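Counting neighbours? That spans all protein chains shown, and the Cβs are built from the backbone with ideal geometry, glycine included. Read the figures in this text as sums done on the coordinates, not as results from a lab.
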Amino acid sequence: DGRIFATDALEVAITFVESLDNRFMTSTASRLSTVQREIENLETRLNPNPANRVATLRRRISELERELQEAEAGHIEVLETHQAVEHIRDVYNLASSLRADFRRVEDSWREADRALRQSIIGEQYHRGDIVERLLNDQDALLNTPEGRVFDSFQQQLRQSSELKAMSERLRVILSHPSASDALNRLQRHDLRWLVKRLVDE
Amino acid sequence: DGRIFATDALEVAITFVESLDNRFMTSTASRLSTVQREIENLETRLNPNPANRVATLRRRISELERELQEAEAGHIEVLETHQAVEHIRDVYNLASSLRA
Amino acid sequence: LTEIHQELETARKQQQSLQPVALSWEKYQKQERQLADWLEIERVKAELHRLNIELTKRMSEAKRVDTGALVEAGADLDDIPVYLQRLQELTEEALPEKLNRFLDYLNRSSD
Amino acid sequence: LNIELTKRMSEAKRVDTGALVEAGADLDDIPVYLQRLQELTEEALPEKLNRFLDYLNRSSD
Amino acid sequence: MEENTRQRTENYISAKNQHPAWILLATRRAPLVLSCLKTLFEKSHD
Amino acid sequence: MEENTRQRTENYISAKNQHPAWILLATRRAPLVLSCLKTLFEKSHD
């Protein structure tokens with residue numbers, strides 16, 4: 001169009017330079033609990049046994065029930081000045097990774113367009129592998145590698161409720177006094193409008 | 001001691017080179033649910049209100065009990081082949097990050 | 001490099017052979033659905049006979065240039081799915097990877 | 001059977017070097033192939049083996 | 001087995017000589033191009 | 001405000017000329033050293 005678009009190669013290089021200077025934590029107490037928690041659901045959502053999903057599920061209520069009984073007595077635990085900062089930083093790093101491979105998906109479709117045209121050009125019976133793809137109204141560019149992960153990512157993103165759910169929680173978190181200590185203006189602003197840009201991207 | 005130890009600069013360069021070739025995706029269906037849940041638990045464990053936590057855990061117990069009621073009838077949902085692969089990849093990436 | 005180029009050329013030939021099989025399978029599916037909806041008939045059955053003849057000829061051609069995966073299956077209608085899968089598995093991953101590899105090694109021996 | 005025939009017909013076209021290239025792979029083409037077979041069983045094989053043996057004796061000896 | 005250590009050196013060399021990311025970094029004018037490109041794409045993605 | 005685009009180019013140039021990682025990447029023998037060091041440190045961390 002007369003315009004230059006970034007590719008994954010540029011995004012990879014930019015990532016290296018940005019990480020070159022001070023970069024957020026990843027070997028933290030947080031993101032260790034997160035991996036604890038991520039492994040939790042995966043096995044609960046992976047076991048084919050009905051009973052195990054029964055067994056592992058009930059206990060969570062038992063543990064979940066007990067905590068509130070403590071809560072009713074006024075046993076609410078504020079995290080810390082420093083612990084909250086780390087959790088905010090970890091959350092920022094995890095969220096920021098959601099837009100990492102948007103460029104990579106576009107590259108795949110460009111290549112798929114490249115490969116598809118070559119097959120049409122390089123195949124000696126064009127009449128066959130043209131109608132089979134023209135009469136159809138499917139994607140015709142079905143790059144099932146990154147490009148179908150994007151299709152799945154789209155389905156989760158388009159779901160309402162939850163997306164507005166984060167946006168309110170984010171501004172709640174960005175409002176915390178320790179949040180300004182953890183992040184800076186640029187990082188705070190980027191995190192706040194994160195869901196908006198994800199939809200635009 | 002006569003031995004060479006790596007520094008953070010070398011680790012950064014090695015990370016860049018390794019990510020140069022094919023690398024696991026983070027803009028996936030998974031790692032979006034993961035961020036949902038992480039922000040959820042951060043919000044629940046950051047609030048200073050006792051009553052808000054009361055409500056949060058009570059709602060979670062309600063949903064969890066409903067899920068188990070569904071499970072007892074044999075309503076266990078295997079994720080998928082591709083979905084399982086994606087979740088495994090996301091978990092691998094998240095864990096591997098720990099030693100950075 | 002020549003070994004890699006031979007791998008890529010075989011993959012390209014396999015995909016080129018497979019595509020006509022997918023086309024003919026789609027046409028067979030259309031005709032079979034028309035016949036099933038109908039259930040005069042003899043003409044539909046003869047069309048299905050011709051389409052199956054073309055199907056099996058394409059299957060034999062695809063098995064012709066194959067060097068593996070299609071070896072398990074046979075040139076019969078019940079083996080259509082596997083062939084179809086192979087085609088996808090090529091257009092996705094065999095052909096691109098191979099191609100990339102080739103375009104890498106070519107520049108490794110020259111530049 | 002028709003399917004079977006055509007498949008074997010294809011196999012023939014696998015190995016022929018132009019003996020039946022012009023011919024197709026349809027039952028209408030059955031006679032052509034048959035004729036070729038008889039030729040391969042009448043003059044081609046015998047006379048060509050005789051030529052091979054004559055060469056292997058005049059040469060190599 | 002050193003193949004993983006002899007083949008791997010090949011991949012790095014090929015990556016160094018072929019990947020746009022590494023090529024751009026190794027170029028003696030890398031900071032200028034990256035700074036302009038990063039600034040350009042920071043504001044707009046269309 | 002262009003300060004974030006001029007100071008940033010300055011930071012990029014400084015990193016390119018000073019940071020061990022970028023210096024190593026830009027060096028014309030980067031693949032060999034990187035491969036050797038990665039192979040060495042893959043097995044032992046003491």
Review point. Residue-wise, which Karplus ³J(HN,Hα) couplings in Hz belong to segment C:10-25, taking 6.51 cos²θ - 1.76 cosθ + 1.60, θ = phi - 60°, and x for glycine or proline?
Key: 5, 4, 4, 4, 4, 5, 4, 5, 5, 3, x, 4, 5, 4, 5, 5
Check your understanding: Between segment C:35-49 and segment B:41-76, how many Å separate their Cα centres?
Key -> 59
Revision key, fill the gap. A correct fewest-to-most ranking of B:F5, A:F153 by other Cβ atoms within 10 Å would be B:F5, A:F153
Practice item. Run through all the Cα pairs of chain C and give the fraction in each 5 Å bin from 0, expressed as whole percent. Key: 2, 12, 19, 17, 14, 11, 8, 6, 4, 3, 2, 1, 0, 0
Review point. Residue-wise, which Karplus ³J(HN,Hα) couplings in Hz belong to segment A:158-165, taking 6.51 cos²θ - 1.76 cosθ + 1.60, θ = phi - 60°, and x for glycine or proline?
Key: 5, 4, 7, 6, 5, 4, 4, 4
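List, in the order given, every pair from E:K16/E:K43; C:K13/D:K48; E:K16/F:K38; E:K38/F:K43; E:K16/F:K16; C:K63/C:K98 whose Cα-Cα distance in the structure shown is over 27 Å.
From E:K16/E:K43; C:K13/D:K48; E:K16/F:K38; E:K38/F:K43; E:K16/F:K16; C:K63/C:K98, over 27 Å: E:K16/E:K43; C:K13/D:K48; E:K38/F:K43.
Would you mind counting up the charge near A:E162? Only other residues with Cβ under 12 Å from its Cβ, with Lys and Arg at +1 and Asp and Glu at -1. Write out the running numbers ahead of the final one.
On the way: positive: A:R158, A:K164, A:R169, B:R37; negative: A:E168, B:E40.
Every neighbour counted, the sum reads +2.
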Review point. About the Cα centre of segment A:50-196, what is the dipole size in debye to 20, counting +1 per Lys and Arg Cβ and -1 per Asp and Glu Cβ, all else neutral?
Key: 280
Exercise for review: Excluding C:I53 itself, calculate the net charge of residues whose Cβ lies under 14 Å from the Cβ of C:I53, where each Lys or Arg counts +1 and each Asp or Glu counts -1.
Suggested key: -1
Exercise for review: Could you tell me, in Å, what Rg and Dmax come out for the Cα atoms of chain A?
Suggested key: 23.2, 79
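Just to confirm a number: summing +1 for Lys and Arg and -1 for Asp and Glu over residues other than A:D139 whose beta-carbon lies under 13 angstrom from that of A:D139, what do you get? All intermediate terms of the calculation are to be shown ahead of the outcome.
Values: positive: A:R133, A:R148; negative: A:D113, A:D137, A:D151, C:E92.
Here the charged neighbours net out to -2.
Which order results if A:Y92, D:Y55 are arranged by neighbouring Cβ count within 10 Å, fewest first? Working shown, then result.
Details: A:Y92 20, D:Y55 10.
The fewest-first ordering by Cβ neighbours comes to D:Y55, A:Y92.
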Review point. Taking θ as phi - 60°, what are the ³J(HN,Hα) couplings along segment A:58-72 by the Karplus curve (6.51, -1.76, 1.60), each to the nearest whole Hz, with x for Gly and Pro?
Key: 3, 3, 4, 4, 4, 5, 5, 5, 4, 4, 5, 3, 5, 4, 4
Review point. Counting other C-beta atoms within 10 Å, which of D:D28, C:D79, C:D66, E:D46 has the fewest, and how do the rest follow?
Key: E:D46, D:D28, C:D79, C:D66
Check your understanding: How many angstrom lie between the C-alpha centres of segment A:113-168 and chain F?
Key -> 37
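Under a Cβ-only charge scheme (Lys and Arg +1, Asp and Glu -1), can you give me the dipole magnitude of the protein assembly as shown about the Cα centre, in debye to the nearest 20? Show your work: numbers first, answer last.
Working: 79 positive and 97 negative charges, 398 e Å.
Dipole of the protein assembly as shown, to the nearest 20 debye: 1900 debye.
Under the rule of -39500 (n - 2.57) per DSSP H run of 4 or more residues, summed and divided by the residues of chain A, what mean residue ellipticity at 222 nm is obtained, to the nearest 500 deg cm²/dmol? Write down the numbers at each step before the final one.
On the way: 11 runs with 136 residues, N = 201.
Here the helix-only value at 222 nm equals -21000 deg cm²/dmol.
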Review point. Any idea what % of Cα-Cα pairs in chain B are farther than 22 Å?
Key: 59
Practice item. Please give every one of the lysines within straight-line cross-link reach of A:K164, meaning a C-alpha to C-alpha distance under 17 Å, and leave out same-chain neighbours fewer than 8 residues apart. Key: A:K196
Exercise for review: One decimal, nm, shortest first: give the distances between the label point of E:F41 and those of the same position in the other copies, each label point 7 Å from Cα along Cα→Cβ.
Suggested key: 2.7
